[PDB]
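*Asks:* Below are the structure tokens for one structure; questions will follow.
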Amino acid sequence: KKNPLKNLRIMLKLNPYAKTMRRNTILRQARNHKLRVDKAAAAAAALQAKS
Amino acid sequence: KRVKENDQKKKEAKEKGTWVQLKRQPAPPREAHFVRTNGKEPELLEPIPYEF
Amino acid sequence: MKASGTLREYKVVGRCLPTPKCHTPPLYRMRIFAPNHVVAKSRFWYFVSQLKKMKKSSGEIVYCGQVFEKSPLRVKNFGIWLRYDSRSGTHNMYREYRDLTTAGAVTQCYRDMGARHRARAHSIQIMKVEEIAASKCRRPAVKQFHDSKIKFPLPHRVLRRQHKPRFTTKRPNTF
Amino acid sequence: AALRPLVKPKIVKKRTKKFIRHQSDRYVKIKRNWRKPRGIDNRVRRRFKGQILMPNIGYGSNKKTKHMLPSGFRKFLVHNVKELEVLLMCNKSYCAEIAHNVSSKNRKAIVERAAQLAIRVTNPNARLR
Amino acid sequence: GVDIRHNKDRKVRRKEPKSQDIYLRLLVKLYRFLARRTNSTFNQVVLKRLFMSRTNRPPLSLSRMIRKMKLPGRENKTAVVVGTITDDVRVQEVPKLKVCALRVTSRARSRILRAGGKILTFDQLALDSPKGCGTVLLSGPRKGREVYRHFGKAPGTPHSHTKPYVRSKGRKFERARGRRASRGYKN
Amino acid sequence: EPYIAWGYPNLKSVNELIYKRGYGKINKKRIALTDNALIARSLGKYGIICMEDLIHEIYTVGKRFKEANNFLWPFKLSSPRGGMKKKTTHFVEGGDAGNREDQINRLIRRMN
RNA sequence: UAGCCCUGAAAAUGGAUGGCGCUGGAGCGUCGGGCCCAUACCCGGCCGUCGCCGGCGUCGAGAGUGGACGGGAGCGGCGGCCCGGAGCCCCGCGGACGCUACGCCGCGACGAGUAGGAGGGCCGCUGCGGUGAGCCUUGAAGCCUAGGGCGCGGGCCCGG
RNA sequence: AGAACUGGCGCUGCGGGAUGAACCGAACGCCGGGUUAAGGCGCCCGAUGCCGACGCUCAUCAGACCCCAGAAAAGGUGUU
Ligand SMILES: [Mg+2]
């Protein structure tokens, strides 16, 4: 008994939706990560443009 | 009484076409209901001191 | 109750069930000090059953949230009322502390009742807690920190042994 | 190794220590042959700690490795040529022993029949001149 | 420990006969092939009946069989009994039924073969109907022995009807007190 | 309630239990349900023919909860790696034997 | 009033928070973060018992959870002059292991034990019928042995 | 000494209670890794060698952990 949640592709043997659930929560947490790092730079960008 | 008002209610579902589920159940957990504290605010009670 | 760790104030309201005789009972409110919310709604049915004819089977709680002090930064003076039990009889007690939060002042009670009076935390009942302002304190241990331009040094400092070499060639100054 | 016997695994054994009878150290009337103690109070049967262990079926060896010699064969003791030839289709799995009664003349002959058939004998050089 | 209770681990039935009959042991090998392989429940009944003891294989007389084959529907089936077929003196004429049994007796198979019937062993039953189709499998009165009328509550309890162990039937052998209301009591 | 600890599990509690420590019984055997065939071949009568359908009846307590539960062997969990507290008094009293109503999810992740 | 302490508080060998000791605690009360280890619990190995079974298909030609023929009518497909038709293996003559069926294989769960009860013993001793074209003065039985092993064990085998 | 109810010991080892029949955990085929229960972590003695938190207490007989192996009424301008 290889472990689901510990490797892929046993989950996908038991649950095919688990992959398309998983790259969606890699795609969207990377677009919330590109957003916030760009946003936090854009606050101190104009604050550094001031001085 | 139930066997009596059970069998007649069983053939009432034959003429009407339903799934009335005459088997009895234990008490389920209480339904997600909604209380209303209309106007007022709840009463603050606090433990009384000891006097003999 | 164990009074495990630092406590946490909860506002718990609840009401006995609507009977066919009684519709809409008035939904009482208490102020439970407990380490988590599961103990907090367990002490509500301890205190309500001593005050009204209610119990957990024929009642339910309809709120249990952490209610927290507004001013966690301002230093406040707390006076609380106690109903502990002793080994012989039971006594009422007023008792004053001085903390930045309400749940930290009642935590400072349970520790202090066990320290001075050896009273285990199941035998003591908090009646009410509120901030008092200065010049209404009666305890001279709380009163002595009401001093603008207060100052005091730290004599005879001792700490961090074995942290450094247990074996040193150096007699450690206590300043 | 004069001969190699098919697959020889790592022979594990659970114990290499030869179970002794209780109180066999203290007396010499008591042989070291195992007899289980059935007294009503003794501390070996009741199985206290730090005392003489008593054998049970958990100490049994692996089935694919049971009766394996350290050379990887399994002995089958023979008496003459006519029962050496019965081990011809087992020669990479089993090995022959010559019984201790076989005279030095006949033992010389049933080891030369063993070398033609390439069957391992465990004691080839026994009772020589 | 687990607390899953003891005595549920072991079953106390028979997995092979205790006979050393090399002709019953080949009948066993024939039918425990057919039991695990043909998927018919006739071959499971016959297989566990070959394992049974001699007391569990009571003899079946000739007129229990032909009385249990005058029934409607049984007109062309074959009678299986795992055990002997003896013959009744009580029956006068024998129908032409087809039987199949271990060890039919000598006077019985003279009366079955005069009637025109055919006796079979369990070999040529297996060639005939491997599923066991069209067979009426019979049994003898396994509680018809003299031993079972000694079993029950007690012979000296109320309404026992248990037939005690006396060494000889007659007057003065277990008939005096406890058996009549004049002498002592009556149970 | 002197001998048990229990409470109301959330969705990933049963999700972690059914996958990791989940086992099934067919007739008398404790099998690893490592295939969706093994769920369907016995309990497929009730339309709960896959793994995540089995996980749906047993969280949202559905019509066939009973036969979905009794399919499962009892969850043979490990010892709680954070340690326990006192094991003999109530969770209210400071120990842990009894109802705790959502803190069992915190306990499963140490158990499971 | 009640917490800690003290007075009240006296016994015979020399002596006991277990001991040494311990007073910014190694004491008492209330707590926190760690950390320690049972034969328990979880994963894995192996033995055994018990439970449910598997293979007589050694079927390299066996193939079947639906199956044939041969006729009444239609296709898609394979070879066109829109007419169309069973090939039985063979350039290799080949293809492991098995199943003492009382044997073999597979999965799953379990394992304390006095008195007591059953089972298995290729555990052992003496004697008999059979049987090993057994063994032996080129050395039997016995006895000895820091010799070599096997068996969980009862024990056994081998070297000197 | 004798009853009731449940468990246990007798038949039963193991961890903890220094020691132990019955107490507290916990039941046992032979092992490796993991983790815990009850209990603990100055040194014997595995683990507080944490910059642990807050108080209480000084004894010229301190005190110190279920069962459990020593004590009361009364009193103390001793401290809180
Ligand atoms: Mg005893």
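Per Swiss-Prot, chain D residues shown: 2-130, in order.
Determined by electron microscopy, 3.5 Å, according to the entry header.
Using N, Cα and C of the backbone, Cβ positions are placed for all residues, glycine too.
The SUMO2 cross-link feature in Swiss-Prot is assigned to D:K9. What Swiss-Prot lists as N6-succinyllysine is D:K50, and the listing cites similarity to another entry. Under the heading phosphoserine, Swiss-Prot lists D:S62.
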*Asks:* Give me the Cα-Cα distance between D:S62 (phosphoserine) and D:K9 (SUMO2 cross-link), rounded to a whole Å.
*Replies:* 15
*Asks:* Among the recorded positions D:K9, D:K50, whose Cβ has the fewest other Cβ atoms within 10 Å?
*Replies:* D:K50
*Asks:* Take the Cβ of D:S62 (phosphoserine) and count every other Cβ within 10 Å, whichever protein chain it belongs to.
*Replies:* 14
*Asks:* Quick check for the class: what is the C-alpha distance, in angstrom and rounded, between D:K50 (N6-succinyllysine) and D:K9 (SUMO2 cross-link)?
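*Replies:* Cα-Cα, rounded: 37 Å.
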*Asks:* Using DSSP with the three-state reduction, classify D:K50 (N6-succinyllysine) as helix, strand or coil.
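*Replies:* Once the DSSP labels are grouped into three classes, D:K50 (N6-succinyllysine) ends up as coil.
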